[PDB]
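Quick setup: one chain, the form deposited in one PDB entry, written in structure tokens, and binding and motion questions come after.
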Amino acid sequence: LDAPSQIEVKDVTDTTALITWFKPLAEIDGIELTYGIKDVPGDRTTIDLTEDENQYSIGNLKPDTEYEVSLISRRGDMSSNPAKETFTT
């Protein structure tokens, strides 16, 4: 599976951020989005999106903190390779 393309984090405030991407080429059941404070290994929330969703708004983040977001395309048993980006509030 092809990973989501043109992933951009925009509209970042001290506590919120908007993640946007382009839908993968291949048909997929959904996208798994995982985000958390970059250097805290245990801080990882995963959201399962449906194939139709192309953006996700995150709130209640910590100010002046570096975060990492990772996205994977899914289709049954299969998953794409993860694509990751960092952003700072």
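For every residue, the number given is its place in the sequence shown, counted from 1. Take the two forms, find the largest set of C-alpha atoms that superpose within 1.5 Å, and that set is the rigid core. Only residues modelled in both forms are compared.
- Taking only CA atoms, the mean B-factor in the PDB entry is higher for 22-30 than for the other of 57-65 and 22-30.
- On average the C-alpha atoms of 48-56 have higher B-factors than those of the other stretch, with 35-43 and 48-56 being the two compared.
- Compared with the other modelled residues of the chain, the Cα B-factor recorded for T15 ranks in the lowest third.
- In the deposited entry, the Cα temperature factor of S80 sits in the middle third of values across the chain's modelled residues.
- Sort the chain's modelled residues by C-alpha temperature factor and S5 lands in the highest third, per the entry.
A second form of this protein, the form deposited in another entry, is not displayed here; the remarks below concern that form.
- Shown in the overlay between the shown form and the other one, fitted on the rigid core, is a CA shift at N81 smaller than 2 Å.
- After superposition on the rigid core, displacement of the C-alpha of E66 between the shown form and the other one stays below 2 Å.
- If you compare C-alpha positions, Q6 and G76 are 3 angstroms or more closer together in that other deposited form than in the form on display.
- Core-superposed comparison between the shown form and the other one places the only run of three or more consecutive residues whose CA atoms all shift by 2 angstroms or more at 1-20.
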